[PDB]
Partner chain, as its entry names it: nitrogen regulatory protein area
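Before any questions on how it binds or moves, here is one chain, the form deposited without the partner chain, in structure tokens.
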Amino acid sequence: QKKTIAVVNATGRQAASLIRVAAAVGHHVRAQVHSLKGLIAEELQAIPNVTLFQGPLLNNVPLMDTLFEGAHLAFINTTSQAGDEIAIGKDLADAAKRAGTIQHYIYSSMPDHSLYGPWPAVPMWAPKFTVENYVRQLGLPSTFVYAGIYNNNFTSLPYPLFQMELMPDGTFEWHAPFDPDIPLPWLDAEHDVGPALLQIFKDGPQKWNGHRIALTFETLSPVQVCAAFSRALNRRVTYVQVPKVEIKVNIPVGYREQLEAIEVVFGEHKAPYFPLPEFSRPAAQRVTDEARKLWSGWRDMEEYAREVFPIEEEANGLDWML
């Protein structure tokens, strides 16, 4: 029988991608979800091999102990939502070590930029690095994956930072603080995270214990992203660098503070998205090497812009794609 994988925030893009491919090949999944309501939660309730455990993570160790019971593998990706990401991250790691049966613990981590230059720590990223350091100290056989920017963030709706805005004449414009020519790491979370994580588990601790892996299959500067959308949609697409991220809709304070940090780190300092020496300087050799080695079936930005974006846009009530 395939191994049992414990997962949290099951409805999130990363966890859901892994659950789908894992259950399909025979793995049993023990997954935590904050609510059983919702299209993804219901989708997951429909999969036999998946067992859902509804409840919060924040200070809910008993659910954690239950989650890991009989689990052989784990893929943990936390969020800043509950307000105690480090606490939850340490609790999950402690619970996994306590289970005694976890052979491989994959934690989705991020950089703490303040460690690499005269830059601010990015609010929703730095805490994850603190959790990674704790996981490393536990001695739990582990691997740390660093997700690139989700291709899925793009929308013509007035959401911050990644608005591919539709102009009156049918052209699109994307305004953000990123330097137009510095390449950024991108990731088609839905399509590529699951396959990549499965391969990391197949390779095992022998191959990745204590390693960091950048989960990005393509790096593109903002102008290269626009060129991909342009070729995909046969419309002009233009990138415009702006110092501040305009907020046109109500957003959580947490995201608000995240955006302010992005303006400083990328707008002002033009710092790397993955500033760790192994990803920046030694680059990885390209930063996409390991991800591509793990999964060669990845989807590029141009294909996403041509095949997926129009479908998600229609589903969001837009009709420019007729």
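Numbering follows the first chain given and starts at 1.
There is another form of this protein, the form deposited with the partner chain bound, and it is not shown here; the text below is about that form.
Residue heavy atoms within 4.5 Å of the partner chain in the deposited complex occur in exactly one stretch of 22-30, 258-266, 56-64, 272-280, and that stretch is 22-30. Residues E190, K202 and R306 are all found to lie within 4.5 Å of the partner chain in the deposited complex, as judged by heavy atom distances.
In the deposited complex, the partner chain lies farther than 4.5 Å from every heavy atom of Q45. Taking the partner from elsewhere, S35 is found to have every heavy atom lying beyond 4.5 Å of the partner chain in the deposited complex. The partner chain is not shown here, and in the deposited complex it never comes within 4.5 Å of any heavy atom of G70. The partner chain is not shown here, and in the deposited complex it never comes within 4.5 Å of any heavy atom of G254. The partner is absent here; in the deposited complex, the one residue of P195, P160, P183, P123 having a heavy atom within 4.5 Å of the partner chain is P195.
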